[PDB]
Amino acid sequence: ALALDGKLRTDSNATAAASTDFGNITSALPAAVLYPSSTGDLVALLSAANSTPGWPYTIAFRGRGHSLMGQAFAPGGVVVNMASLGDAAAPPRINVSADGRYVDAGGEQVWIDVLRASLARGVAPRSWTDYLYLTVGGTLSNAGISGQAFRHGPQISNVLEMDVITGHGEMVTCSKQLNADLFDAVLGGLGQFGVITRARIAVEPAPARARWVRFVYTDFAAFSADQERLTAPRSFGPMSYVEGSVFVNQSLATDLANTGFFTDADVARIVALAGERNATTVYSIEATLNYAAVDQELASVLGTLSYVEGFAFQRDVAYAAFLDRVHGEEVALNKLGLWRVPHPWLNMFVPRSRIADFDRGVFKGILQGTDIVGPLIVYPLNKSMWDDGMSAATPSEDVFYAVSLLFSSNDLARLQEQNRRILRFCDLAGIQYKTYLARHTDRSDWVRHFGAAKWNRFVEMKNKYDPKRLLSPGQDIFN
Ligand SMILES: *Cc1cc2c(cc1C)nc1c(=O)[nH]c(=O)nc-1n2C[C@H](O)[C@H](O)[C@H](O)COP(=O)(O)OP(=O)(O)OC[C@H]1O[C@@H](n2cnc3c(N)ncnc32)[C@H](O)[C@@H]1O
Ligand SMILES: *[C@@H]1O[C@H](CO)[C@@H](O[C@@H]2O[C@H](CO)[C@@H](O)[C@H](O)[C@H]2NC(C)=O)[C@H](O)[C@H]1NC(C)=O
Ligand SMILES: *[C@@H]1O[C@H](CO)[C@@H](O)[C@H](O)[C@H]1NC(C)=O
Ligand SMILES: *[C@@H]1O[C@H](CO)[C@@H](O)[C@H](O)[C@H]1NC(C)=O
Ligand SMILES: *[C@@H]1O[C@H](CO)[C@@H](O)[C@H](O)[C@H]1NC(C)=O
């Protein structure tokens, strides 16, 4: 029925396209790929799966395939090409509310398009990812983090309601007020319980511009203390965005130039500073202030900090230009053939109490004497802005750090071994980290990830909403 309407494709080109992802490390061929024209086509697929004894196929929902390790694959199953839902000109897949207090976006829609539609109405989401060509449904199935998360929470903390089609093939609207169990389960739920077809996203009046700063440190203690100062609850401080970067000695000049922030003269100055201090690691805080008045506001904030004098670097850009900054990085890297390469990325949340230990073992230890390509990102988050009732798993401490080591790749094998070594260091040091964007491959690891109480809830929701265990099998939780 769906195949006759040209929606369910089994041809080699279709299956091949749905068999690889951004990670470029693992691959898995699906039996078929659905190209739905409407949510009705998704209901039809999931209802058939629910009602058919001996239903053969697991089902995955491909956003834009930005997964690192096959999370969007359905080996010998059906991959849903979610993007197809946004093919038609009418009706619109992104609706800013009449009063401009929220935006309704299709699960398949990319955040860059959500931004553009929001700005047309003078508004914008409050919480972002660093990179905007990701789907609403995709990031909400994980968490969605960037430099705003310390004060607004992750993207999953900025959703009012969702439309979800469950593994039973039932279309359900959920929120804190209605079907809250499904609402909580789906958010950070790794595509396990149903497909998000619509999410209601909180917005704020859009700032016009961003004052954009980078501050340089050679001392980790000063660097991390200042990050924590900038992101501390008062309500929060003036800064709209706070992240940080780590630069190892061997690839210092190259990595500093690769930020796209520093000029060649700026890079030379930082290299000279590291040299005079014999520093093996350099650290940079990246922060923005959304808006003569800005000058004094910025001066007042910087006066509370302890970066190396003479090493505050400033840019002033349009708000939208700041948010979409990484798009220009992709275009440039792809032209050099350096974008579509293996990405053995390591992402985790590290408790505040152990971040100095992590720095000693990893940045000052394991990563020393290697040529690093890709950013090493480190910044604090506030647990208070996360809802522990949702599926997403975080460390127990009030403050924990996002640590994102975004390695680009003989080299791949070395990098995979290096990541195993970093994880081994953390385990032996007894650091109670949580991975982010990673899939585990056995039960014990997944139970450890969630913790006993949250795992038991996760299973309860799985039995209620996907009892056949069909959905997002690439997560390797129930498959
Ligand atoms: C590619 C990449 C990823 C990325 C990033 C930069 C790059 C270049 N920067 C990020 C950032 O700054 N902050 C952050 O939180 N994440 C960042 N990412 C990682 C990204 O969030 C993940 O890749 C995420 O999966 C979103 O990517 P995408 O939208 O392409 O989704 P997918 O990989 O195809 O699918 C991921 C899993 O989710 C399930 N899924 C997908 N759509 C839905 C819907 N609508 N409903 C329910 N589940 C869904 C898939 O089945 C899969 O398991
Ligand atoms: C954006 O709003 C429009 C209303 O203008 C929605 O379009 C309707 O969608 C329903 C269900 O998909 C259809 O039955 C109607 O025919 C559509 N009406 C119109 C006027 O075209 C659209 O669904 C909204 N988009 C999202 C993602 O919420
Ligand atoms: C990774 O990308 C290359 C193209 O550069 C391709 O030949 C290869 O099949 C891909 N590998 C995986 C596992 O996706
Ligand atoms: C799911 O399958 C059951 C049969 O076990 C059936 O009673 C129910 O109506 C189905 N739901 C949908 C929406 O397909
Ligand atoms: C930094 O690396 C260079 C090699 O490129 C080396 O000459 C220098 O001694 C290193 N500095 C420190 C303090 O490790």
Side-chain angles (χ1 to χ4, degrees), residues 12-30 33 62-73 79 81-83 110-113 128-135 138-139 146 214 243 245-264 266-268 270-271 284 286 321-347 367 369-377 403-420 422 437-439 474:
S12 71
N13 284 38
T15 54
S19 79
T20 57
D21 62 21
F22 174 80
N24 187 228
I25 286 161
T26 189
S27 66
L29 273 165
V33 185
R62 191 186 179 89
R64 290 298 184 283
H66 258 271
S67 286
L68 290 160
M69 282 301 270
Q71 290 99 323
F73 299 159
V79 173
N81 186 258
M82 291 294 290
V110 288
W111 285 97
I112 180 64
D113 288 335
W128 296 100
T129 49
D130 293 338
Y131 176 87
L132 296 191
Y133 198 73
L134 308 172
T135 67
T139 66
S146 194
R214 272 200 177 266
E243 287 195 11
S245 309
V246 185
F247 307 90
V248 299
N249 181 58
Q250 187 157 297
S251 27
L252 183 68
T254 302
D255 290 354
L256 288 164
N258 285 352
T259 63
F261 196 90
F262 303 115
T263 58
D264 294 319
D266 290 336
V267 173
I270 302 159
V271 168
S284 179
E286 180 189 39
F322 170 76
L323 292 179
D324 203 37
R325 69 202 172 280
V326 183
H327 173 68
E329 288 166 42
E330 172 179 350
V331 171
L333 285 164
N334 193 57
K335 272 192 231 282
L336 294 153
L338 298 166
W339 186 260
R340 286 179 278 105
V341 297
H343 298 109
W345 284 7
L346 186 61
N347 307 270
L367 297 177
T370 66
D371 297 321
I372 278 154
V373 178
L376 309 176
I377 303 162
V403 179
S404 290
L405 312 182
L406 310 188
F407 304 109
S408 281
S409 191
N410 239 240
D411 202 46
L412 179 56
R414 181 192 64 86
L415 286 166
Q416 287 165 324
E417 176 60 26
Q418 185 172 73
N419 286 337
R420 277 175 233 123
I422 292 161
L437 305 171
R439 65 103 182 81

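By convention here, the first residue in the shown sequence is residue 1.
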*Using the side chain to side chain donor-acceptor pair (under 3.5 Å) rule, take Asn24 and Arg340 through it: C-alpha gap first, then chi angles, then the decisive distance, then the call.*
CA-CA 8 Å; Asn24 187 228; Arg340 286 179 278 105; over 6 Å; no

*Residue from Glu330, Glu329, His327 passing side-chain hydrogen bond (donor to acceptor under 3.5 Å, both in side chains) with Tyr131*: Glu330

*Closest heavy-atom contact between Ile377 and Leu406?*
CD1-CD1, 3.8 Å

*For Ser67 and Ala72, work out which heavy atoms get closest and say how close.*
OG-N, 3.8 Å

*Mind checking the CZ-OG1 spacing from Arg439 to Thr26? Nearest 0.5 Å is all I need.*
6.5 Å

*Kindly indicate, with the supporting measurements, whether the criterion side-chain contact (heavy atoms from CB on, under 4.5 Å) is fulfilled by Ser409 and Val341.*
CA-CA 6 Å; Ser409 191; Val341 297; 5.6 Å; no

*Can we say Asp130 and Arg325 salt-bridge, meaning some charged N sits less than 4.0 Å from an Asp/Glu carboxylate O?*
yes

_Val33 to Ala18 - nearest heavy-atom pair and separation_ = CG2-CB, 3.8 Å

*Once you round to the nearest 0.5 Å, how far does OG1 of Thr139 lie from NE2 of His66?*
12.0 Å

_Minimum heavy-atom distance between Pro30 and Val79, given as atom pair plus value_ = CB-CG2, 3.8 Å

*How far does CG of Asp371 sit from CG of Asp255, to the nearest 0.5 angstrom?*
9.0 Å

*Can you tell which of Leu415, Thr370, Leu412 makes a side-chain contact (heavy atoms from CB on, under 4.5 Å) with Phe407?*
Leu415

*Run the numbers on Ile422 and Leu405 for side-chain contact (heavy atoms from CB on, under 4.5 Å), then give the verdict.*
CA-CA 11 Å; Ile422 292 161; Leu405 312 182; 4.0 Å; yes

*Measuring from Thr259:OG1 to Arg214:CZ, what's the distance to the nearest 0.5 Å?*
5.0 Å

_Is there a side-chain contact between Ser408 and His343 in this structure, where contact means two heavy atoms from C-beta onward sitting under 4.5 Å apart?_
yes

*Locate the shortest heavy-atom distance separating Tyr133 from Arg64; write the atom from each residue and the value.*
OH-NE, 3.2 Å

*Between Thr129 and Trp111: side-chain donor-acceptor atoms closer than 3.5 Å*: no

_Just verifying a value: how many Å separate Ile372 CD1 and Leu367 CG, rounded to the nearest 0.5 Å?_
4.5 Å

*Using atom types as modelled and distance alone, determine if a side-chain donor or acceptor of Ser251 lies under 3.5 Å from a backbone N or O of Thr254.*
no

_If you compare all heavy atoms of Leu437 against all heavy atoms of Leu68, which two are closest, and at what distance to 0.1 Å?_
O-CD1, 4.1 Å

*asked:* To the closest 0.5 Å, what do you measure between OG (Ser245) and CG (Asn258)?
replied: 11.5 Å

*asked:* What verdict does the ring-ring contact (aromatic ring centres under 6.0 Å, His included) test give for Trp128 and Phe322, after you've listed the backbone C-alpha separation in whole Å, the side-chain angles of each residue and the deciding distance to 0.1 Å?
replied: CA-CA 11 Å; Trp128 296 100; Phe322 170 76; over 10 Å; no

*Exceeds 12 heavy-atom contacts within 6.0 angstrom, atom CZ of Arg420*: yes

*Let me see the working for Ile25 and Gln416 under side-chain contact (heavy atoms from CB on, under 4.5 Å), right down to the final yes or no.*
CA-CA 10 Å; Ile25 286 161; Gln416 287 165 324; 3.7 Å; yes

